[PDB]
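Comments concern the structure below.
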Amino acid sequence: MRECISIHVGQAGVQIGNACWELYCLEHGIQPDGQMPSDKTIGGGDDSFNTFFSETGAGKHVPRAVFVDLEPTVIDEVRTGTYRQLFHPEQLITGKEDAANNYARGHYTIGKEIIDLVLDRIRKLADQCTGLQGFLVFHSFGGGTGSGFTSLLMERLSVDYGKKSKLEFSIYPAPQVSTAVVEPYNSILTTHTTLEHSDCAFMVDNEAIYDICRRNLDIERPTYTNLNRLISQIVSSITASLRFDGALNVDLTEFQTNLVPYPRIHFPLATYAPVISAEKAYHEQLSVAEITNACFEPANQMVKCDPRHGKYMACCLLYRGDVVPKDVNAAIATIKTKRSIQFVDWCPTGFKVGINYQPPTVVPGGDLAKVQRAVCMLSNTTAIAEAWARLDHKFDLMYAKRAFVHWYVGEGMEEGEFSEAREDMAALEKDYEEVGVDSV
Amino acid sequence: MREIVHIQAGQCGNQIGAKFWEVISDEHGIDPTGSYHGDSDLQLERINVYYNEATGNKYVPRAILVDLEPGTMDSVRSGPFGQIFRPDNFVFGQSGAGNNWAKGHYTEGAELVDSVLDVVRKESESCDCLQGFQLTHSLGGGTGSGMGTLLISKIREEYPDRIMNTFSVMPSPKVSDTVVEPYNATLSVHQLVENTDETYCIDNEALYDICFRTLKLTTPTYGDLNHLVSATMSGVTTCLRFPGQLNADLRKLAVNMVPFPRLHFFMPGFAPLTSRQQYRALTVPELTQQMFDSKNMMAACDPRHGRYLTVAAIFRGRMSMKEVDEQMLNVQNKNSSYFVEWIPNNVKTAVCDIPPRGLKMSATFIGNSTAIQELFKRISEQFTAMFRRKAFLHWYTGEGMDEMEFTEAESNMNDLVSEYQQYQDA
Ligand SMILES: C=C/C=C\[C@H](C)[C@H](OC(N)=O)[C@@H](C)[C@H](O)[C@@H](C)C/C(C)=C\[C@H](C)[C@@H](O)[C@@H](C)/C=C\[C@@H](O)C[C@@H]1OC(=O)[C@H](C)[C@@H](O)[C@H]1C
Ligand SMILES: Nc1nc2c(ncn2[C@@H]2O[C@H](COP(=O)(O)OP(=O)(O)OP(=O)(O)O)[C@@H](O)[C@H]2O)c(=O)[nH]1
Ligand SMILES: Nc1nc2c(ncn2[C@@H]2O[C@H](COP(=O)(O)OP(=O)(O)O)[C@@H](O)[C@H]2O)c(=O)[nH]1
Ligand SMILES: [Ca+2]
Ligand SMILES: [Ca+2]
Ligand SMILES: [Mg+2]
Ligand SMILES: [Mg+2]
């Protein structure tokens with residue numbers, strides 16, 4: 001019951017997938033060969049970690065996950081690497097030719113050749129669930145597969161699973177690690193196409209994560225490995241309620257109720273603390289008060305934007321590790337009397353709190369200090385629309401001259417799809433303005 | 001034998017209900033295995049009101065446990081007195097109700113409700129003379145609120161001549177799980193206005209404030225709130241469970257307490273409320289004054305902000321009935337303005353010799369006060385603050401509801417508020 005199926009799409013989705021599943025295994029005591037000594041029920045169970053892992057009769061704990069990419073070289077490293085025994089070969093799906101940074105190739109030309117196979121593989125995972133709750137879809141905005149194939153997949157999932165929940169972790173592009181000039185096109189196209197098919201989407205701004213690694217972990221020039229380990233800690237905080245039990249544990253769906261006031265307004269801002277090196281953490285315990293305060297520091301947000309210049313529609317605090325309500329309540333009280341936290345007038349101002357008692361874990365050879373306690377704040381703020389504004393403006397600059405548009409038209413698309421997508425984004429930006437205006 | 005059938009629904013409903021059965025089982029001398037080990041015949045005289053007798057002189061709660069997910073009832077079954085319940089009386093689904101009245105009332109709850117009614121019928125069928133039903137639930141979630149009120153409607157259809165009694169936990173922003181609680185509570189209150197005879201209104205903020213301010217609990221838990229509620233429920237049902245003259249059954253209670261059919265929402269109270277001086281002897285005068293103290297009441301409504309239509313007071317323990325009568329007469333004679341003058345002798349007092357475990361004496365207060373309108377006004381305000389912007393409505397329209405049903409629920413509760421106001425000025 002309550003199974004969740006993860007789908008990792010394109011290079012960013014897959015490599016972030018690598019980092020998350022490695023981290024989950026460490027959190028649950030699952031070895032790279034899938035064996036889990038502590039699990040006394042062989043070949044099945046309804047434990048909390050079974051939401052993310054199925055079990056074979058031979059005692060293997062297998063991720064409820066599909067990895068998909070239109071070229072093979074990223075997934076080949078999964079097939080041949082440390083956790084290769086973890087996955088059944090059929091869970092790892094590849095084509096020969098990628099989408100060349102072109103949404104149109106991901107959604108149409110190349111994607112259509114593999115979409116039926118991908119859905120068949122997902123169906124095989126679904127059939128093994130007794131109470132499937134929904135999907136978690138990991139992908140970049142900027143890549144041709146991450147944008148175009150993800151959109152196609154989400155559309156097809158709506159048809160095949162109806163209104164079964166679909167959540168995204170979406171990688172928003174940054175110039176420091178971007179690989180295509182057309183990523184703003186791809187971002188607007190996939191955001192428009194997927195908008196009606198996603199229930200909730202956690203955007204991860206690569207520039208925000210890049211900055212955090214440079215500033216808080218003292219990494220000179222962060223690699224995807226650096227970025228992905230941090231992102232997996234944040235993803236793990238968000239899914240921990242699904243994978244662990246506990247008296248004070250609050251289900252993600254319950255936070256979701258508060259986080260989505262209207263279908264289109266479904267983009268929470270995640271903030272995570274503490275991000276600190278081993279050298280800085282040594283002999284320096286960060287209390288509940290300190291990590292809570294850090295959530296209202298914009299430098300620690302997963303998306304660059306300024307909530308102090310917007311309005312809140314929800315604030316959720318997801319704690320893990322050595323944390324009790326007494327300390328949380330005191331920390332929140334201090335914050336309410338010192339911070340730029342303004343809510344819209346049609347929303348209650350209470351902070352919603354969840355506590356998972358299983359302490360944070362780290363991967364060997366990582367940059368993050370092992371800490372006793374951590375917190376992920378999920379807020380619904382009008383400020384996140386800043387991210388759309390920046391992207392929409394880059395789109396406008398290029399599209400006014402129709403730069404690179406021939407690449408998309410050549411693969412069968414029409415200018416009509418571009419302006420339709422961009423108008424949807426304009427409406428979204430306007431939606432975020434409107435929800436912030438006071439009631440009459 | 002006037003049997004009562006007990007139903008507990010959803011997370012709040014089952015956690016409080018489990019505590020309730022723990023508390024009254026101890027009072028009746030029933031251990032966790034259903035065996036009787038008391039030393040007083042008073043314990044068994046009306047035991048059949050709440051318990052069935054099984055083979056081997058076992059007593060089994062006439063209780064049905066209902067939820068749309070298995071978690072809380074798993075905990076109940078694993079709890080202290082979990083094995084005392086009839087295994088077949090656990091009725092549950094797997095998908096949950098997501099804090100959504102529509103899921104409880106129209107979609108998920110609809111799929112489960114017939115199986116619940118089958119167990120309700122089985123229990124009713126063996127009753128020599130069924131009084132009616134008591135339901136424990138919250139109004140702020142999905143299962144207790146939505147499926148609980150669906151249940152009440154179907155029970156009324158099948159048992160239209162039986163009394164329906166609820167213990168209903170009202171949500172508060174201060175002790176809140178989700179922002180949609182005012183939607184769920186407003187939808188449910190209209191159901192309760194039409195389909196219950198008596199509803200005890202328990203405000204979670206009142207419970208929290210009693211724990212923090214009076215009991216000096218620095219960080220109250222749901223567990224703490226639930227022990228308050230359980231103690232209160234034990235007190236208010238004392239007249240049903242032990243030999244007595246006043247309000248000895250559900251119908252006679254309703255006839256005494258409900259002068260107008262819609263105004264059947266009660267403010268309960270309990271004394272003593274003591275912080276951990278806890279050994280100090282309590283006097284009847286002190287019991288009486290605390291029982292009527294707003295701080296000892298559980299609807300977060302100021303009694304002095306309205307008037308009492310009717311009041312029932314129950315005293316427990318060995319004490320002077322002469323002094324009880326004197327003290328009760330004193331309260332009415334010294335604050336007579338807060339009792340409506342057009343219902344003569346509207347304060348009834350009962351005394352029961354058996355006090356709650358670990359106390360020499362205690363007192364429970366049940367008030368039908370027009371000040372309860374403050375509770376519904378609060379809910380109505382919170383409702384409108386969101387509804388004016390149609391915020392969070394998609395959770396409900398996605399289950400097939402339309403906005404018109406929210407508009408009608410809103411109007412209905414504002415009508416109720418107006419109806420209280422007219423008798424407060426009468
Ligand atoms: C927090 C106060 C606890 C105990 C007090 C000293 C008092 O106890 C005595 N003996 O006088 C009691 C009556 C308090 O005034 C009550 C408010 C306590 C209350 C009902 C709830 C608290 C919120 C909750 O934390 C709870 C776990 C704490 C103690 C309960 O075990 C007390 C017993 O509970 C009962 O059901 C009977 C009435 C009786 O046996 C009572 C002695
Ligand atoms: N955080 C993170 N971002 C990545 C990673 N790999 C790629 N990206 C970002 O993703 C975008 C590029 O899309 P990719 O996922 O590489 O492209 P793809 O989905 O494989 O699509 P095609 O290769 O065009 O078929 C750029 O913004 C990159 O900076 C990664 O491992 N981690
Ligand atoms: N007093 C009390 N209130 C509770 C408890 N659990 C939940 N609540 C309240 O009940 C409402 C949530 O409904 P809940 O019963 O959890 O939802 P359901 O399981 O769908 O009926 C909110 O107002 C909570 O504050 C409890 O154990 N005790
Ligand atoms: Ca197992
Ligand atoms: Ca169903
Ligand atoms: Mg690629
Ligand atoms: Mg709940």
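We name chains A, B, ... by the order of the sequence lines, and we start the count at 1 in each one. The figures here come from the full heavy-atom set of this structure, side chains too, leaving out hydrogens, waters and symmetry mates. First listed ligand is number 1; within each ligand, the first listed atom is number 1.
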*A:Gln85: partners by side-chain hydrogen bond (donor to acceptor under 3.5 Å, both in side chains), with sequence neighbours left out*: none

*Just checking, any donor-acceptor pair under 3.5 angstrom between side chains of A:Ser54 and A:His61?*
no

*Just checking, B:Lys174 and B:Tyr208: is the charged tip under 6.0 Å from the six-membered ring centre and within 45° of the axis?*
no

*Have A:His107 and A:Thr193 got a donor and an acceptor in their side chains that come within less than 3.5 Å?*
no

*Do the two ring centres, one from B:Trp101 and one from B:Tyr106, sit under 6.0 Å apart?*
yes

*Do the ring centers of A:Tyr408 and A:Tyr103 come within less than 6.0 Å of each other?*
no

*Knowing that exactly one of A:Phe49, A:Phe52, A:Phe244 qualifies, which makes a ring-ring contact (aromatic ring centres under 6.0 Å, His included) with A:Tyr24?*
A:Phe52

*Is any protein N, O or S atom closer than 2.8 Å to the Mg ion (ligand 7), and if so, which?*
B:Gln11 OE1

*Using 3.0 Å as the cut-off, note every protein N, O or S atom close to the Ca ion (ligand 4).*
A:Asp39 OD1, A:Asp39 OD2, A:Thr41 O, A:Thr41 OG1, A:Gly44 O, A:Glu55 OE1, A:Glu55 OE2

*List for me each residue that meets side-chain hydrogen bond (donor to acceptor under 3.5 Å, both in side chains) alongside B:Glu181, sequence neighbours excluded, and say none if there are none.*
B:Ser176

*Can you measure from CG (B:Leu150) to OG (B:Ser145) and round to the nearest 0.5 angstrom?*
11.5 Å

